[PDB]
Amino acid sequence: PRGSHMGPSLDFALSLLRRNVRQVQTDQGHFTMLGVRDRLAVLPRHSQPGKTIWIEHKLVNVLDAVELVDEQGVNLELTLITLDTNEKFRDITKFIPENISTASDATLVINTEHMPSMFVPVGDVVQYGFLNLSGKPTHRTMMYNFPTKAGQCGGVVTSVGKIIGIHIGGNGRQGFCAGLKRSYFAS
């Protein structure tokens, strides 16, 4: 979908890439990191950041690490890091939806040393989970068509101006991401 209707979405993604999406490496391997605001960034949990991670080849100290849980105490599989540099990240929290959102023409932004500035269109992003009695989804990962093979863990799922989730895995036919909501970063 290189077509005109994709204009604004692609723009937002290109922008987000530049200002906020960074290449990273931990003892665990190469990951795609998203900076949220100030010294805040998110990684996939299974990247298990140490006291020091590599950011675009500059080595940086990690002052605070905190795995995240939704309001129900479930594990979201996202680690939220606090970095030791003067540089501040453009705050993009304003593009994270009020509450977890599906999408119709989403694209996945991947940015690791081994796979730089890669945009992958993933089409429909869906919610796949259970229903707490009466309704409303508890236990929730988003998922989309993604026939590849584990990695690149870290991706950013974007639609039209919305930061929608963080890619945290796949199964060779589908990919799953931790749905994001503004609340998770209120501090």
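We number the residues from 1 along the sequence you see.
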Legend entry - Mean Cα B-factor comparison, 147-155 or 54-62, giving the higher one as deposited: 147-155
Legend entry - Comparing 121-129 with 66-74, the one whose average Cα B-factor in the PDB entry is higher: 66-74
Legend entry - Most elevated Cα B-factor in the entry, residues 111, 107, 104, 93: 104
Legend entry - Entry-reported Cα temperature factor of residue 186, expressed as the chain third it lands in: highest
Inset, instruction - Ordered by C-alpha B-factor within the chain, which third holds residue 3? Give me lowest, middle or highest, please. - result: middle
Legend entry - residue 49, C-alpha B-factor rank within chain (lowest, middle or highest third): middle
Inset, instruction - Could you tell me which third, lowest, middle or highest, the C-alpha B-factor of residue 37 occupies within its chain? - result: middle
Inset, instruction - Place residue 139 in the lowest, middle or highest third of its chain's C-alpha B-factors, as listed in the PDB entry. - result: highest
